[PDB]
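Student: One structure coming up, written as structure tokens, with questions to follow.
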Amino acid sequence: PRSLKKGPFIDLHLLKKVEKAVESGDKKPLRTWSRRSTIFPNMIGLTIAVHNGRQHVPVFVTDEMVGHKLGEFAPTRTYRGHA
Amino acid sequence: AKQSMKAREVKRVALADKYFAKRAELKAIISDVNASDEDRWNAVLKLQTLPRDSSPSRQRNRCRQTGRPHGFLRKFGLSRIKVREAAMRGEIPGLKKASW
Amino acid sequence: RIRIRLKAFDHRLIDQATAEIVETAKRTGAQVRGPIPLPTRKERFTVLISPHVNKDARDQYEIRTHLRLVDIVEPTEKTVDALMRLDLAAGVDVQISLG
Amino acid sequence: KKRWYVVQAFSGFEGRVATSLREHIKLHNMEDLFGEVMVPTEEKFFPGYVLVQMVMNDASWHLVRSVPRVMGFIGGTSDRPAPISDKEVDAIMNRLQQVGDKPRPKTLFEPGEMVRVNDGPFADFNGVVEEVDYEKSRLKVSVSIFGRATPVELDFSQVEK
Amino acid sequence: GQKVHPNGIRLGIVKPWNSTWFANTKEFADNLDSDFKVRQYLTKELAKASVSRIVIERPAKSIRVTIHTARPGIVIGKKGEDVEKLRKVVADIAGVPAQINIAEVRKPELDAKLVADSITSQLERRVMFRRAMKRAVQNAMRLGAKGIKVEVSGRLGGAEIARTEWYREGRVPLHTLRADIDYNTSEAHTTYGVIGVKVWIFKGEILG
RNA sequence: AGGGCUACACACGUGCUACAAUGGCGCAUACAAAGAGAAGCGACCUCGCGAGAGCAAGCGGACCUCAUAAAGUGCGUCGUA
RNA sequence: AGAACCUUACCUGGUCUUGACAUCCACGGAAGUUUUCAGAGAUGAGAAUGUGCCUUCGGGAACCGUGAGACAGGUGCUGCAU
């Protein structure tokens with residue numbers, strides 16, 4: 001993980017978007033590519049459609065998701081089974 | 001390698017040359033334990049803002065004649081293949097086949 | 001004292017240079033220390049000689065950088081200045097250092 | 001409002017003139033008529049003129065000229081002597097007595113490209129120094145030798161700014 | 001790729017280097033690059049002039065070029081007119097003061113590189129490769145080569161199936177290190193493709 | 001710009017580390033060679049259990065730094081799990 | 001003789017089309033230097049400085065800008081043309 005002294009990582013644009021959403025009080029999904037962005041307390045409640053390489057997959061943020069990153073909840077590979 | 005790749009490399013180099021003083025300063029600021037948190041944050045953000053090609057860890061050492069990324073040597077600035085040729089021709093001073 | 005560090009790839013050339021330097025020193029000044037041979041740097045290189053693939057196929061080159069340490073114990077007015085005129089063989093990096 | 005004025009002292013006793021001036025102020029307690037006192041003295045520019053933040057009454061004028069080793073003000077006339085500017089003295093303020101050279105962990109003489117070597121073979125010689133190894137106490141002064149510009153590892157004490 | 005390069009194996013003994021300078025790890029690559037540039041330029045320029053060997057030698061932040069050529073007259077042109085011109089461009093290429101010297105090559109039939117070049121030229125102007133090869137060999141022999149070999153390879157007579165053919169005359173010892181074996185190569189960019197020409201010229205053995 | 005070349009029912013190639021007592025662990029202690037180093041190698045000292053951090057000399061280097069060689073040797077311990 | 005980015009040649013989107021890389025004219029501007037908002041970024045829009053080597057003044061060489069084409073570019077195929 002990232003160093004504690006450096007703080008958490010979130011993409012600036014993403015953060016801005018989140019802030020805007022908060023200000024509004026809207027619940028329309030924000031399509032995002034920043035899979036590397038950490039989830040924040042203020043992001044709780046928002047749906048945020050994270051890119052998985054191919055498509056944006058909706059992620060309703062929860063109290064448990066905070067420390068994690070957005071890419072953790074948007075699996076890229078699509079394996080069903082060998083038979 | 002392609003011409004395009006070479007061009008890109010050159011551009012990267014140029015960028016590095018340009019932005020060195022600022023980038024270095026930013027890095028220093030980020031490091032400096034005896035400094036404000038907000039300032040540090042700003043520095044971190046500032047760095048992000050700067051172009052990516054400005055980083056020296058972006059540019060790949062290619063052969064100065066052919067632009068071949070792999071098999072490179074630093075002393076000569078040439079890929080192995082070209083280096084050998086040079087050696088054979090007498091074009092690299094002092095260099096001869098070694099046995100021991 | 002003037003320490004002089006001769007560096008070159010060709011050993012014969014270096015030797016020639018050293019002798020010349022000594023000569024230059026000895027006529028003008030007095031008590032030249034002497035041409036002391038330091039260790040040679042044998043900077044080796046391995047490379048794959050195939051264009052594509054054959055890894056056991058290799059050429060191992062090297063560059064033998066030779067060192068000659070000449071020292072001058074008494075720098076006079078005539079001697080030190082003389083260096084400028086006496087031209088030595090090419091491909092010999094000299095490095096004079098007073099004190 | 002206190003404006004600046006120029007005082008001439010015996011050049012060389014300038015720090016002692018500045019100290020005696022501050023002491024005459026705190027003797028004759030016209031403390032509301034003097035702001036500062038710039039009197040430099042290197043181990044020194046300007047080593048001859050003392051800048052004084054002041055106002056102009058004839059009492060304070062007699063005070064500054066009754067300070068010992070002071071010739072007088074420098075102005076258009078001696079009736080009403082002349083102020084100059086704040087920027088003029090401003091430059092001096094920065095290097096009034098600040099740690100200039102001397103106590104340095106490396107550079108003992110300004111590098112740039114103007115130095116002379118004498119504590120060695122280079123008898124009465126000078127050269128241009130591009131790079132320098134202060135950490136290891138070394139100089140790359142390129143003295144005109146062998147019809148070119150070959151440098152020579154010299155000692156800081158061996159060379160002279 | 002069986003054989004060792006004949007020049008390359010002998011650089012320590014009987015053959016000398018072309019680029020002849022010292023430099024530390026800092027400036028070495030740059031120097032090499034410069035050499036490559038200048039040489040390239042020279043080749044481009046003095047193609048019509050028969051040029052064998054460019055020898056670069058840089059002491060004291062100043063580049064000394066030495067052009068070995070069969071006909072100096074075409075490289076020099078009028079009294080220091082062409083040489084001078086060359087010099088400034090060389091300097092520019094380097095970024096230092098330039099000095100061009102021009103060595104006159106006695107017996108261009110015995111210089112291997114020159115011969116190769118000639119052969120290539122012949123090939124380009126659509127002669128019988130074999131006849132050219134013969135000429136090359138014969139001439140050298142006449143001139144007093146202890147031996148000569150020449151080899152040409154690929155698309156010979158515009159044939160679909162490429163092959164190599166080679167003519168030797170006299171003795172050309174390659175395993176013998178003390179043998180002065182002037183080796184060099186060239187490439188004929190013909191209508192059917194490239195035709196590579198190698199030539200070995202054995203001047204004689206050195207005793208030391 | 002982001003992702004992939006790092007995927008994973010499986011098969012093969014080349015290696016490393018093991019399965020221990022000719023060994024493991026602990027404490028002490030001896031003997032190399034050959035190399036690299038300036039957008040570099042970085043002592044000493046201070047702090048950190050440690051990776052390292054801070055300060056910062058010496059050094060384009062038979063000088064300074066990387067840099068304590070390890071197996072070994074002595075003493076202790078574990079006792080075939 | 002070293003794939004996090006780069007490398008990279010592949011995929012997904014977002015973009016460009018004489019072009020990232022050269023040469024050539026035409027003619028608009030000294031190059032460049034600093035900074036601003038939007039954008040994932042590529043890019044798409046702003047504020048400050050300069051006019052150097054020479055002219056019976058139809059202008060020039062470096063370095064940006066635009067359009068025309070001549071061309072550039074290709075790690076595209078054939079190693080069974082070399």
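In the structure tokens, chains take the letters A, B, ... in the order shown, each chain's residues start at 1, and ligands count up from 1 in the order shown.
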With a distance threshold of 12 Å and counting only C-alpha atoms, extract the residues of chain A near chain B and express them as JSON, numbers by chain.

Tutor: {"A": [5, 6, 7, 8, 9, 10, 11, 12, 13]}

Student: Which residues of chain B have any atom within 9 Å of an atom in chain G when counting only C-alpha atoms (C1' of nucleotides), and what is the closest pair of atoms for each, with the distance in Å to one decimal? Order the rows by chain and rising number and write it as JSON lines.

Tutor:
{"residue": "B:1", "atom": "CA", "partner": "G:75", "partner_atom": "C1'", "distance": 6.7}
{"residue": "B:2", "atom": "CA", "partner": "G:75", "partner_atom": "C1'", "distance": 7.3}
{"residue": "B:3", "atom": "CA", "partner": "G:21", "partner_atom": "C1'", "distance": 5.7}
{"residue": "B:4", "atom": "CA", "partner": "G:20", "partner_atom": "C1'", "distance": 5.8}
{"residue": "B:5", "atom": "CA", "partner": "G:20", "partner_atom": "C1'", "distance": 8.5}
{"residue": "B:6", "atom": "CA", "partner": "G:21", "partner_atom": "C1'", "distance": 8.1}
{"residue": "B:7", "atom": "CA", "partner": "G:21", "partner_atom": "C1'", "distance": 5.9}
{"residue": "B:8", "atom": "CA", "partner": "G:20", "partner_atom": "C1'", "distance": 6.9}
{"residue": "B:52", "atom": "CA", "partner": "G:5", "partner_atom": "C1'", "distance": 8.5}
{"residue": "B:53", "atom": "CA", "partner": "G:6", "partner_atom": "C1'", "distance": 8.4}
{"residue": "B:57", "atom": "CA", "partner": "G:6", "partner_atom": "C1'", "distance": 7.4}
{"residue": "B:58", "atom": "CA", "partner": "G:6", "partner_atom": "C1'", "distance": 4.4}
{"residue": "B:59", "atom": "CA", "partner": "G:6", "partner_atom": "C1'", "distance": 6.2}
{"residue": "B:60", "atom": "CA", "partner": "G:7", "partner_atom": "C1'", "distance": 6.4}
{"residue": "B:69", "atom": "CA", "partner": "G:7", "partner_atom": "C1'", "distance": 7.4}
{"residue": "B:70", "atom": "CA", "partner": "G:1", "partner_atom": "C1'", "distance": 8.0}
{"residue": "B:71", "atom": "CA", "partner": "G:1", "partner_atom": "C1'", "distance": 5.9}
{"residue": "B:72", "atom": "CA", "partner": "G:1", "partner_atom": "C1'", "distance": 7.2}
{"residue": "B:73", "atom": "CA", "partner": "G:1", "partner_atom": "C1'", "distance": 8.1}

Student: Sorted by chain and rising residue number, list the residues of chain C at most 7 Å from chain B (counting only C-alpha atoms), each with its closest atom pair and distance in Å to one decimal, as JSON lines.

Tutor:
{"residue": "C:9", "atom": "CA", "partner": "B:94", "partner_atom": "CA", "distance": 5.1}
{"residue": "C:10", "atom": "CA", "partner": "B:94", "partner_atom": "CA", "distance": 6.9}
{"residue": "C:47", "atom": "CA", "partner": "B:80", "partner_atom": "CA", "distance": 5.7}
{"residue": "C:48", "atom": "CA", "partner": "B:80", "partner_atom": "CA", "distance": 6.7}
{"residue": "C:49", "atom": "CA", "partner": "B:81", "partner_atom": "CA", "distance": 6.4}
{"residue": "C:51", "atom": "CA", "partner": "B:81", "partner_atom": "CA", "distance": 6.5}
{"residue": "C:60", "atom": "CA", "partner": "B:98", "partner_atom": "CA", "distance": 5.6}
{"residue": "C:61", "atom": "CA", "partner": "B:97", "partner_atom": "CA", "distance": 4.4}
{"residue": "C:62", "atom": "CA", "partner": "B:95", "partner_atom": "CA", "distance": 5.5}
{"residue": "C:63", "atom": "CA", "partner": "B:95", "partner_atom": "CA", "distance": 4.9}
{"residue": "C:64", "atom": "CA", "partner": "B:94", "partner_atom": "CA", "distance": 6.7}

Student: From the DSSP assignment of the backbone, select every residue of range 8-82 of chain C that is helix (DSSP H, G or I), and format the answer as a count of residues only.

Tutor: 24

Student: Compare F:30, F:67, F:53, F:44 by their minimum atom-to-atom distance to chain B, counting only C-alpha atoms (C1' of nucleotides), and give me the closest one.

Tutor: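 Among the listed residues, the smallest separation from chain B belongs to F:53.
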